Ligand SMILES: COc1ccc([C@@H](Cc2nnn[nH]2)NC(=O)c2ncnc3[nH]ccc23)cc1
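Spelled out as structure tokens, the structure:
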């Protein structure tokens, strides 16, 4: 968990303009969060990038988890191997608001972060899931009580977040 170049927004929320895959390779955190869907199919976005960095080992493990346990619920999570990126990967499902899943479930999604003392994570329900990313950071700040290090890929979004926050 040797994080560098973060800006402290609150007592427990830190932010950096970084690619989460590169941060995971430098820091080797105990937990990296994946922005997953309920069937753990890592087709694009953060999930596709983390899976590609494991050379599809995350997808093969995820398929075995789904065959044995069934899909996750929206707002839910599971802990699987972090492979070469982290000790563990916490796969978290935020609501896809573009598909009618309630925005209220973004709070439930961030509550899964509280099981882990320190996490490297992306913003949840952003990208194709359609939530406003600044709203997602607000929910993160209001819900997560453990130490979260957020990696925001787009510099334009990073600047809007830092301006809206501290
Ligand atoms: C479907 O859920 C999503 C959640 C978040 C996301 C977005 C939110 C975002 N948009 N501009 N910066 N951040 N984040 C990433 O895609 C992302 N973030 C950090 N490192 C990365 N490496 C490769 C991809 C990537 C998309 C989709």
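Residue numbers (the entry's author numbering): 4 to 169. Just so it is clear, CB atoms sit at the ideal spot from N, CA and C, and this is done for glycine as well.
Quiz item: Which same chain residues, not among the five before or five after residue 57, have their C-beta less than 8 Å away from its C-beta?
Solution: Start at 1 with the first residue of the chain shown, and residue 57 comes out as number 54. Correct list, in chain order: 86, 87 and 88.
Exercise. Return helix, strand or coil for residue 159, following the three-state DSSP convention.
Key: On the chain shown, residue 159 is found 156 positions in, with the first residue counted as 1. It is helical.
Quiz prompt | Member of 97, 10, 104 and 138 whose CA lies at the smallest distance from the CA of residue 39 | solution = Reading the chain shown from its first residue, position 36 is the one you call residue 39. Across the set 97, 10, 104 and 138, the C-alpha of 97 shows the shortest separation from the C-alpha of residue 39.
Quiz item: Whose C-alpha, out of 128, 21 and 71, is nearest the C-alpha of residue 99?
Solution: Position 96 of the chain shown, counted from the start, is the residue given in the question as residue 99. Comparing Cα-Cα distances from residue 99 to each of 128, 21 and 71, the minimum goes to 128.
Exercise. Flag this pair as yes or no: are the beta carbons of residue 154 and residue 19 separated by less than 8 Å?
Key: Residue numbering aside, residue 154 sits at position 151 when the chain shown is read from its first letter. Residue numbering aside, residue 19 sits at position 16 when the chain shown is read from its first letter. Contact: yes.
Self-check item: Residues near residue 133 by beta carbon distance below 6 Å, same chain, minus five either side
Solution: The sequence position of residue 133 within the chain shown is 130, counting from 1. 100 and 101.
Quiz prompt | Validate contact between the segment 60-80 and the segment 138-158 using beta carbons, cut 8 Å, 3 pairs | solution = Not touching, per the Cβ criterion.
Quiz item: Quick one: is the Cβ of residue 128 within less than 7 Å of any heavy atom of ligand 1?
Solution: Here residue 128 refers to the residue found at position 125 of the chain shown. Ligand 1 has a heavy atom closer than 7 Å to the beta-carbon of residue 128.
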